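Here the structure is laid out as C-alpha cells; the discussion comes afterwards.
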Amino acid sequence: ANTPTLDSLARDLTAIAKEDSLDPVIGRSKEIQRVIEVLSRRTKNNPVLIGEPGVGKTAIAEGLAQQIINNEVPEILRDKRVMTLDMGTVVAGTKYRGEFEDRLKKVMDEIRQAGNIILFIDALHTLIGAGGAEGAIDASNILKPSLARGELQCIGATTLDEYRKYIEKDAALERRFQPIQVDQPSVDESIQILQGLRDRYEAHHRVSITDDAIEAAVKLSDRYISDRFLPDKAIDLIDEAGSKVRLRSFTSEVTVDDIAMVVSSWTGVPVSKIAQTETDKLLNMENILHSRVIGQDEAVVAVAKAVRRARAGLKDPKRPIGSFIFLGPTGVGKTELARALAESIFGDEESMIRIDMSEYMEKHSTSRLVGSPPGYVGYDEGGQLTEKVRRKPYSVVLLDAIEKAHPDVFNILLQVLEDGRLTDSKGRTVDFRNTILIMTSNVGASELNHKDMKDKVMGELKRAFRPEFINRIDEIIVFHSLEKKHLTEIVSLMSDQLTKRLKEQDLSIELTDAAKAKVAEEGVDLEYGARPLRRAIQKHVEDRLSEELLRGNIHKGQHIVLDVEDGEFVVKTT
Amino acid sequence: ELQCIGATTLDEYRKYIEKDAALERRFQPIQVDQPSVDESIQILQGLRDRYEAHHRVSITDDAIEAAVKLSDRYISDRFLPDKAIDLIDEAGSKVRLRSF
Ligand SMILES: Nc1ncnc2c1ncn2[C@@H]1O[C@H](COP(=O)(O)OP(=O)(O)O)[C@@H](O)[C@H]1O
Ligand SMILES: Nc1ncnc2c1ncn2[C@@H]1O[C@H](COP(=O)(O)OP(=O)(O)O)[C@@H](O)[C@H]1O
C-alpha cells in the first residue's frame, strides 16, 4: 500500500524528518497543539494555517512532522506521513483535455490505499483555479466530496487576504477547512527563534555568530526593512552575513558590522548611518542641522531640544513623535530644516511627505485627502496623504499652508494629534507613530523683543484658529527676520555645491564674496522670500558657461574667478 | 541538491514569482544590467582579439569606441554589449569579403 506518484511529486516531510535533516522548530507550541487538535477530529480534520508570507506556517508543518516521529502525537496520528504538495507542480500541463484530472485521480487513489498521508498544500487559494475557472472540473470540485467525508486529510496554508478573497466560495470550501491563525512572532520571540538554530548556520558556514549579532539582525530587519516578516527577515540576514563572511575569509566570526553591511546593501542607507548613530544620532543631530541649516539658530536649537526631549524621554510611544508648527515668512528655511532633521532622524531622508493644504481649499476637498466613499468618484486609489503614509509609515510629514484648510480638515488633524493611527481611509487604519507631523503656517510675519513677538503670535493663533488646536500641537518654532548675512552665507553654500558639480566636470570656478554679495542683493528682495536666489545663481552661471564656452575666451582646466571689480561680473581666467 | 542558476528577463521573473508558493522560498534575484558605454570599450578591447583572429583582420580601438558610440545611440533595439559586438563582427566580415 505505497504511493508511487505522490512520492514522486511531493516531498515527504516524515522521511527527511527521520534522518534529522529538518531544521528545528522553536516556539509555536500552542499553534502546533491546536493543529493536532484539529487533525484529531473525525469529519473535517483539515486545518488551514492563516498568516503572512514568511511567518512560519511551513515551519508549523515541519514541527508537526517532527512531533510525529518523536512520539509526541496522541496515538491517533501515530505513524502518519505528512507530504507537502503544490498544485503548480501537479498541473504541469493544460493544453490537453484530461491530463491534470488524471494526475489528481491517481493521487486520490493513492490516498485511498493509505491512511497515513496528510497532504499539506501550500497556498490553497490556488486550489480553486485549475482547469475551468468556476464552472468546470477544477481541483476543488473533485477534492470537496472527499474532503467532507474525511476521505482526504489536508493541511492548507494560505495568506489572510487570500483566505478572505477565496472563501467567498464559502459553501464547501469554508466548512471543509478550519482556520488556524498564525501571527508573525514578536522581536523577542524571533530572537529566541534564531538562538534555536544558530548552531545550524554556524555548522554550515563554519563561522561563529554572536548574540548581539542576532539582536542587531532582528532590530535591523524591523527598523529598516518592510514588506517582509519574521523569522524570514532575521534568518535571511544571518545567512547572508554567514555567506559574506565565508567569502571574505577566502579572498571566522560574523558581528554586528556585517549585519549592518547587508542591511545597508539591501535597502540603500549607508553603513555609517545604521550602526554608529543607533543611539547617538540625537547626539549630533544639532551638528547635522546647523550644518545643513544656516540661520534661525534659535529655532533650530528649540527644535533640537524638543526632539531630543521626546527622544530620550518617556513619552507615550503611541502618539506621534513631534508636532511642530513653524511660524514665519516663506523661504526662511521651512523645508530645509525639515529635510535636515529627517536626514538626521531617519538618516538619508528622502522622506518629507509634503502636502500643500492650499490645494485642499474647501470643504469637500478633504475627501481628496482621505479618499472618496465606495460608491463615488475616484475611489480606487485616492487617499493622497493616507496612501502616501500607508506606503512608508516611517518619515516626516510636512503639511504646507495649514491655514488654508477649511475647518473640515482641522478635525482630521486633531484626530491625528489624538494618538495618531487614524482610520481615515477606505477601511485602512494608518499609523502615525514614528512620524513627525510638521505644519507650514500662515504669514505670521508682521509680529516678527523675543517675548513681544511671542505674545503677539500667540494672540494671532488665538484669533486665527482654535486654542484647542494648538493645545494639541507641541511646539511653535518661529522663523525670525529674513536673512541679512545669512543671505551671503546660503549663497556661499549653494555655490559650494555648484563648484563641486563644476569640478567633477573637469573645471574649477571660484567666485569672490563681492560677486556673492551682488547676487544676494539682486536675487531676493527684502519683501520677497529667499527662493529666487536659486534661479539667480543659475542664470549667472548659465550665462558665464554659455558665453565662455561659446566665445571660447576661457580654456577648460583654468580656474575661473568672478568679481564685481567693474561693478559687474568680471571673469579672470588664467 | 538541484542547485542551479537561472537566466530570464524582468517581466518573466515576475511571471515566475507569481509561483511564490513553492518557488519564492528557494530562488534569489540578481539584477544584471548594461555595462557602461565606457565599460563596454574595455569589454571589447579585451575580446576584440578573438574575432580579429577568426576573420584574419585587426581592429583599431578608435573603431571600437566608435562602434560603441553608434550602438548606444543609433540602433537602440538591442542592448550592450550585444550591439557593439555584433557591429564588430559585421565589420570584420565585410572588410574580409572586401579583400577576398
Ligand atoms: N519557529 C521556527 N522554526 C523553524 N523555522 C522558522 C521558525 N520561524 C521562522 N522560521 C523560518 O522562516 C522561514 C519561512 O517560514 P515559512 O513558513 O516557510 O514561510 P511561509 O509561511 O511563507 O511558508 C523558514 O525558513 C523557517 O526556517
Ligand atoms: N536656514 C537656512 N539654511 C540653509 N538654507 C536655507 C535656510 N533658509 C532657507 N534656505 C534656502 O532656501 C531654499 C528653500 O526654499 P523653500 O524651502 O522652498 O522655501 P519655503 O519653505 O518658504 O517654501 C533652499 O535652497 C535653502 O538653501
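Here chain A follows Swiss-Prot for its numbers: 158-408, 469-665, 681-806, in order, are the residues you see.
Quick check of the header: electron microscopy, 3.7 Å.
Each Cβ is built from the backbone N, Cα and C atoms, and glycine gets one as well.
The secondary structure of A:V212 (ATP binding site), as reduced to three states from DSSP, is coil rather than helix or strand. Look at Swiss-Prot and you will find A:208-215, A:545-552 tagged as ATP binding site.
Ligand 2 lies under 6 Å from the Cβ of A:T547, out of the binding-site residues A:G208, A:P210, A:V212, A:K214, A:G545, A:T547. Here the binding-site residues are A:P210, A:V212, A:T547, and the ones sitting under 8 angstroms from chain B, going by CB atoms, are A:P210. Close contacts with ligand 1, defined as a Cβ under 6 Å from any of its atoms, occur at A:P210, A:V212, A:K214 among the binding-site residues A:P210, A:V212, A:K214, A:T547, A:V549, A:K551. Cβ contacts within 10 Å of A:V549 (ATP binding site), excluding its own Cβ and spanning all protein chains shown: 24.
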